[PDB]
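The next block holds one structure in the form of structure tokens; read it before the comments.
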Amino acid sequence: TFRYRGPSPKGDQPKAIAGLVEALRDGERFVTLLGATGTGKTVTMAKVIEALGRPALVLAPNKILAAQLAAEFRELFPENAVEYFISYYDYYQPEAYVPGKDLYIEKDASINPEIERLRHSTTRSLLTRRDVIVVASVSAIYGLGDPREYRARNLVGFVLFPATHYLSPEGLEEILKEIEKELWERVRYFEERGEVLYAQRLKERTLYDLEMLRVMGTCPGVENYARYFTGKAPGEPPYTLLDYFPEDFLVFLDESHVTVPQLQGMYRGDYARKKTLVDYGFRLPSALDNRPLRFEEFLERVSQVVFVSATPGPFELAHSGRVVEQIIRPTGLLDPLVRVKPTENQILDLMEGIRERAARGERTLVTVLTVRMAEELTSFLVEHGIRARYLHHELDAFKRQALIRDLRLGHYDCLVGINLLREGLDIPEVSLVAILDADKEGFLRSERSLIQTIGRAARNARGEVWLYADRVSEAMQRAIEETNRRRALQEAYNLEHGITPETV
Ligand SMILES: CCCCCCCCO[C@@H]1O[C@H](CO)[C@@H](O)[C@H](O)[C@H]1O
Ligand SMILES: CCCCCCCCO[C@@H]1O[C@H](CO)[C@@H](O)[C@H](O)[C@H]1O
């Protein structure tokens, strides 16, 4: 049973919590929390989890948001089990083969113990208590050992659980025999094609593993033999973390318009990578059975799903039996004013706007559509007295974070990039978001993308978004209307409750 110790619900949180709880108690399979940025979606989720008293899985679109959510839930539920099911995939290199460079890359070995420790802490809690909230990136949902074996194998002071998720040795001996049978069939496949390099590679690698398994009960990359350990038939879905949860667990897909497509595309993405290792003889075809689930398989293994997003995608909108909105922010801050400005003199207009703001301690974010434009605009702004940096698309998560962190701390005043839909860009000091080529085609100028971009100006009491365009596209029109709908609802709530916005 959960014990919430966070802030009491404010703004639209009370009504949203009640609407979600009511739909779930009524048996709705799919429900959406349509929550604007800054409305406190984590507290809403927390209160729903508390009310229903069922273990929960929260999936995030990337490792940064996953870690952040885990940290927040930990603070909100200090006496319960908050777990982070991290994957080595997030920070270390997996096994891979790059054909174009005829390059084989070994998986990183002897990694930071904290990774495996977090995964085991997750599975141990799921088997010992019901007050568990597990946060993970979607990528973490992959093949994992049989929960039955993991559960049945314990030592009893203190109950000690396994040190690995791939126990199930059944008859290691009969298991090793079945793997070797596949090996020689596959070697014959290569020999018949004249591909003796592939046959040799597969033989050496597989026989090495079989010997290490025989003399150690395990080997590096043992997960590749998952199917043999779990007894699953070829092509059948593998066991995953979902199987370690009690049957009535609740699933939240945060940033659902991003996570649902990630869940839909995971199987194919992984298949392309693994199939390559198989085609060149590094792995047996059975390695393809240690994989992510297809979206349909994932849906068969969950019972109720809450999609959370400020801009729900097509799946959520077609399938949800209820949509609950949360628009009013606990802080009372308003969605920004959105202006449309001509392209003539747009750069001089923008530079004047940026310097006016920098003079009073306010920051500006700018999105453009090409790398040449981003490079050139950034240099132009710097030559004209502005502390501007360019958020290059090749920066990795840490680098982006460091660069963004420096804006949050005020080292510079303006960040220019192509894709601003990055984590950490919700900074109170940002009072202007400028969107060049606002009317042009492309993912970053879609109705949803514009709404998400506009939201980066919603943490400041004077936030504005400037759309440079000489025409209004349907995406611009609908994003401006939605921003205005939200702002008006927020102003009405503030006027009823005697609240005047302020920047923190
Ligand atoms: C388990 C190991 C079995 C080894 C037997 C390999 C028989 C090879 O098979 C032969 O290979 C030739 C060259 O690739 C082809 O031209 C022939 O068509 C093919 O039958
Ligand atoms: C309030 C948050 C709005 C986010 C943008 C939502 C855009 C939805 O767009 C709508 O989707 C429907 C079904 O998917 C279609 O039938 C409509 O024709 C389409 O306009």
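Order determines the names: the first chain of the structure tokens is A, the second B, and so forth; residues in each chain are numbered 1 upward, and ligands are numbered 1 upward as they are shown.
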
Can you build me a table of chain A residues sitting at most 10 Å from ligand 1, with the closest atom pair per residue and its distance in Å to one decimal, using only C-alpha atoms and all ligand atoms, sorted by chain and residue number, as a Markdown table?
```
| residue | atom | partner | partner_atom_place_in_ligand_line | distance |
| --- | --- | --- | --- | --- |
| A:181 | CA | ligand 1 | 1 (C) | 9.9 |
| A:183 | CA | ligand 1 | 1 (C) | 8.7 |
| A:184 | CA | ligand 1 | 1 (C) | 5.1 |
| A:185 | CA | ligand 1 | 1 (C) | 6.4 |
| A:186 | CA | ligand 1 | 1 (C) | 8.1 |
| A:187 | CA | ligand 1 | 1 (C) | 5.8 |
| A:188 | CA | ligand 1 | 3 (C) | 4.5 |
| A:189 | CA | ligand 1 | 3 (C) | 8.2 |
| A:190 | CA | ligand 1 | 14 (O) | 8.0 |
| A:191 | CA | ligand 1 | 6 (C) | 5.0 |
| A:192 | CA | ligand 1 | 9 (O) | 3.9 |
| A:193 | CA | ligand 1 | 14 (O) | 4.7 |
| A:194 | CA | ligand 1 | 14 (O) | 3.5 |
| A:195 | CA | ligand 1 | 14 (O) | 7.2 |
| A:196 | CA | ligand 1 | 14 (O) | 8.3 |
| A:199 | CA | ligand 1 | 2 (C) | 9.0 |
```

At a cut-off of 7 Å around ligand 2, and using only C-alpha atoms and all ligand atoms, what residues come up? Please write them as a short mmCIF file (atom, residue, chain, number, x, y, z; two decimals) with N, CA and C atoms, in the first residue's frame.
```
data_model
loop_
_atom_site.label_atom_id
_atom_site.label_comp_id
_atom_site.auth_asym_id
_atom_site.auth_seq_id
_atom_site.Cartn_x
_atom_site.Cartn_y
_atom_site.Cartn_z
N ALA A 310 0.92 15.96 -23.65
CA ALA A 310 0.29 17.28 -23.90
C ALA A 310 -0.28 17.28 -25.32
N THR A 311 0.14 16.31 -26.14
CA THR A 311 -0.30 16.23 -27.53
C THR A 311 -0.44 14.73 -27.89
N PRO A 312 -1.45 14.06 -27.37
CA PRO A 312 -1.67 12.61 -27.63
C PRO A 312 -1.65 12.26 -29.10
N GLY A 313 -0.98 11.14 -29.44
CA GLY A 313 -0.89 10.69 -30.82
C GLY A 313 -2.13 9.98 -31.33
N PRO A 314 -2.09 9.53 -32.58
CA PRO A 314 -3.22 8.85 -33.19
C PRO A 314 -3.68 7.59 -32.50
N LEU A 317 -5.65 8.59 -29.37
CA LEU A 317 -6.93 9.23 -29.68
C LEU A 317 -7.97 8.28 -30.26
N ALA A 318 -7.52 7.23 -30.96
CA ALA A 318 -8.46 6.27 -31.54
C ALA A 318 -8.96 5.23 -30.52
N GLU A 447 1.39 20.16 -36.28
CA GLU A 447 0.57 20.73 -35.22
C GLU A 447 1.11 20.30 -33.84
N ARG A 448 1.37 19.00 -33.64
CA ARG A 448 1.87 18.54 -32.34
C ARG A 448 3.24 19.13 -31.99
N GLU A 482 -5.01 26.24 -30.02
CA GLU A 482 -4.90 25.45 -28.82
C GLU A 482 -4.19 26.20 -27.71
#
```

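For the residues A:131, A:178, A:116, A:95, ranking by smallest atom-to-atom distance to residue 78 of chain A using only C-alpha atoms places A:131 first.
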
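Minimum distance to residue 147 of chain A across A:170, A:243, A:12, A:406 (counting only C-alpha atoms) occurs at A:243.
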
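We find atom CA of residue 430 of chain A and atom CA of residue 72 of chain A to be spaced 23.3 Å apart.
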
Requested in this report: Would you kindly return, as a PyMOL selection string, each protein, DNA or RNA residue with an atom no farther than 10 Å from any atom of residue 239 of chain A, considering only C-alpha atoms and excluding same-chain residues fewer than 4 positions away?
Outcome: chain A and resi 141-147+226-227+230+232+243-244+290-293

Pull N, CA, C and O atoms from the residues just selected and write them as a compact mmCIF listing (two decimals), in the first residue's frame.
```
# COMPACT_ATOMS: atom_id res chain seq x y z
N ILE A 141 12.32 -2.80 -22.23
CA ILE A 141 11.41 -3.93 -22.43
C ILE A 141 11.98 -4.83 -23.53
O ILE A 141 11.83 -4.60 -24.74
N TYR A 142 12.63 -5.89 -23.07
CA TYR A 142 13.31 -6.82 -23.94
C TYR A 142 13.25 -8.19 -23.28
O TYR A 142 12.76 -8.32 -22.16
N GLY A 143 13.76 -9.20 -23.96
CA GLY A 143 13.74 -10.53 -23.41
C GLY A 143 14.47 -10.58 -22.08
O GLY A 143 15.48 -9.90 -21.87
N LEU A 144 13.90 -11.36 -21.16
CA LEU A 144 14.42 -11.55 -19.81
C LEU A 144 14.03 -13.00 -19.43
O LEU A 144 13.11 -13.56 -20.02
N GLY A 145 14.70 -13.58 -18.45
CA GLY A 145 14.46 -14.99 -18.10
C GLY A 145 13.07 -15.32 -17.56
O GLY A 145 12.27 -14.41 -17.30
N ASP A 146 12.78 -16.61 -17.38
CA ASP A 146 11.48 -17.04 -16.86
C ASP A 146 11.37 -16.60 -15.41
O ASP A 146 12.22 -16.96 -14.58
N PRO A 147 10.32 -15.83 -15.08
CA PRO A 147 10.11 -15.35 -13.72
C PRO A 147 9.88 -16.53 -12.77
O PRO A 147 10.22 -16.46 -11.60
N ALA A 226 18.83 -17.25 -24.70
CA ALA A 226 17.60 -17.16 -23.92
C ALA A 226 16.53 -18.21 -24.19
O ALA A 226 16.00 -18.81 -23.27
N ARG A 227 16.20 -18.43 -25.46
CA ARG A 227 15.15 -19.35 -25.81
C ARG A 227 15.37 -20.78 -25.31
O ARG A 227 14.42 -21.50 -24.98
N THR A 230 14.56 -20.75 -21.55
CA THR A 230 13.15 -20.58 -21.23
C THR A 230 12.21 -21.61 -21.85
O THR A 230 11.03 -21.66 -21.49
N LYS A 232 10.98 -21.67 -24.77
CA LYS A 232 10.07 -21.09 -25.76
C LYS A 232 10.33 -21.64 -27.16
O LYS A 232 11.46 -21.99 -27.49
N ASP A 243 6.45 -9.88 -17.36
CA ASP A 243 6.05 -11.13 -16.75
C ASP A 243 6.37 -11.23 -15.28
O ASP A 243 5.87 -12.15 -14.62
N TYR A 244 7.19 -10.32 -14.77
CA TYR A 244 7.57 -10.31 -13.37
C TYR A 244 6.57 -9.56 -12.52
O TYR A 244 6.66 -9.57 -11.29
N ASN A 290 15.70 -13.58 -28.68
CA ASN A 290 15.93 -12.75 -27.49
C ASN A 290 15.75 -11.37 -28.12
O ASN A 290 16.66 -10.84 -28.76
N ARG A 291 14.59 -10.75 -27.87
CA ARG A 291 14.27 -9.54 -28.60
C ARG A 291 13.19 -8.73 -27.88
O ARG A 291 12.75 -9.12 -26.81
N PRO A 292 12.83 -7.57 -28.46
CA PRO A 292 11.77 -6.75 -27.86
C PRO A 292 10.45 -7.37 -28.34
O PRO A 292 10.39 -8.20 -29.25
N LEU A 293 9.36 -6.95 -27.73
CA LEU A 293 8.05 -7.41 -28.17
C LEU A 293 7.52 -6.56 -29.31
O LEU A 293 7.86 -5.39 -29.42
```

Query raised in the report: Where does DSSP see alpha helix (DSSP H) in segment 55-239 of chain A, if you list the residues as a VMD selection string?
Result: chain A and resid 63 to 76 113 to 128 147 to 152 172 to 192 196 to 216 226 to 230

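Taking atom CA of residue 96 of chain A and atom CA of residue 140 of chain A as endpoints, the distance between them is 17.9 Å.
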
Requested in this report: Considering only C-alpha atoms, return as an MDAnalysis selection string whatever protein or nucleic-acid residues lie within 12 Å of residue 112 of chain A, sequence-local ones (same chain, fewer than 5 positions apart) excluded.
Outcome: chainID A and resid 86:88 91:92 117:118

Query raised in the report: Which polymer residues have any atom within 8 Å of an atom of residue 48 of chain A, counting only C-alpha atoms, with same-chain residues fewer than 6 positions away left out, as a PyMOL selection string?
Result: chain A and resi 17+20-21

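Comparing A:414, A:24, A:469, A:397 by their smallest distance to residue 385 of chain A, the closest is A:414 (using only C-alpha atoms).
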
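If you measure from each of A:460, A:494, A:419, A:477 to residue 340 of chain A using only C-alpha atoms, the closest one turns out to be A:477.
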